[PDB]
């Protein structure tokens, strides 16, 4: 079947990927698993999927893993550190690399897979949010096939014509009859909150998305629409879309995952149950399909589907992201880094809900760095933006 390396196997996307393989043991062979510190989950995955290699970024973790796998009678070879992670991404015999490491740490292993011309199941945000120019250049250079895993981008990918799907990132949209890309977002828990009350929203209220339940960081990003802002940045790189070829639409029910508008009037959309196994199984099977374990969407048990235009007075972060894109990878990197700092401060009750957007702006205004030319440059912008952001939080809470 297809030989796969899973980068970030022990996290949420990694576990969902392995559930797809579990459903399709004849179509997929796990060659390598890479993770950080979750030795316990990693052991269980090595014992189920029999990979050739298992890598832990953390050395103490790698040593403990080796001792457990030995105790358990497994001969999976245990490696450690960043170079081994990149090596697994570049293994000559692997076909697909699930790029699911979180944060800047996913950058070099992902680039290693790109440079190796692998099919990349891309689920690491920083890759296009921070390194969109560098990675799209590298993809063109190696002819690597990117298959986006995030629900929105995968929905768009499924709704795009074949010549774009092949050649993803270099194809011309207009030449292929595409007018625009329609990014849909829930609008978050404060979609209908009076604007006066936004300054007093609590972390528990912000993380209380009506319908979904997910991590606190992403819940807050959904409340600010920073999440859609970051997906805007990725979509422009992934789909070769100009600002006029992008539309953002609030869709509270999140049944339509995103859409593509065509020259003749047609709009194609992908819909489905809210379950990451669907987009993951799509990318793993492309251009064919596999069972993912996700149940068929029941159209008779849906809330009525509604749409609205995002109000930038309600979602300044969405506008900030759009503007940042225009300023370049230094601005997008700085925004993403600043946002991690301000959201964490919000969750720690150091700042108010509305201070997230205000301090994100403040960081971008204060900085002005030059366009990154390599991953080290991006890492540098990221580090500097966090420091500026932390000082801003301290001043404010000071």
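Positions refer to the first chain, counted from 1. Whichever C-alpha set is largest while still superposing within 1.5 Å between the two forms counts as the rigid core.
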| query | finding |
| --- | --- |
| Higher C-alpha RMS shift from the shown form in 9 other deposited structures of this protein - 313 to 321 or 80 to 88, rigid core fit | 313 to 321 |
| Outlying stretch relative to shown form, 189 to 197 versus 297 to 305 in 9 other deposited structures of this protein, C-alpha RMS (core) | 189 to 197 |
| Residue 170 unmodelled in at least a third of other compared entries | no |
| Residue 212 dropped in a third or more of the other entries | yes |
| Per the entry, higher mean C-alpha B factor between 265 to 273 and 319 to 327 | 319 to 327 |
| Residue range whose averaged C-alpha B-factor is higher in the record, 137 to 145 or 254 to 262 | 137 to 145 |
| C-alpha B-factor winner, where the candidates are 203, 103, 73, 187 | 203 |
| Out of 192, 231, 221, 126, highest CA B-factor residue | 192 |
| Chain-wide C-alpha B factor ranking for residue 154, given as lowest, middle or highest third | lowest |
| Chain thirds of CA B-factor: placement of residue 26 | highest |
| Lowest, middle or highest third - CA B-factor, residue 375 | highest |
| B-factor third for the C-alpha atom of residue 397 within its chain | highest |
| CA B-factor placement of residue 61, once the chain's modelled residues are sorted into thirds | highest |
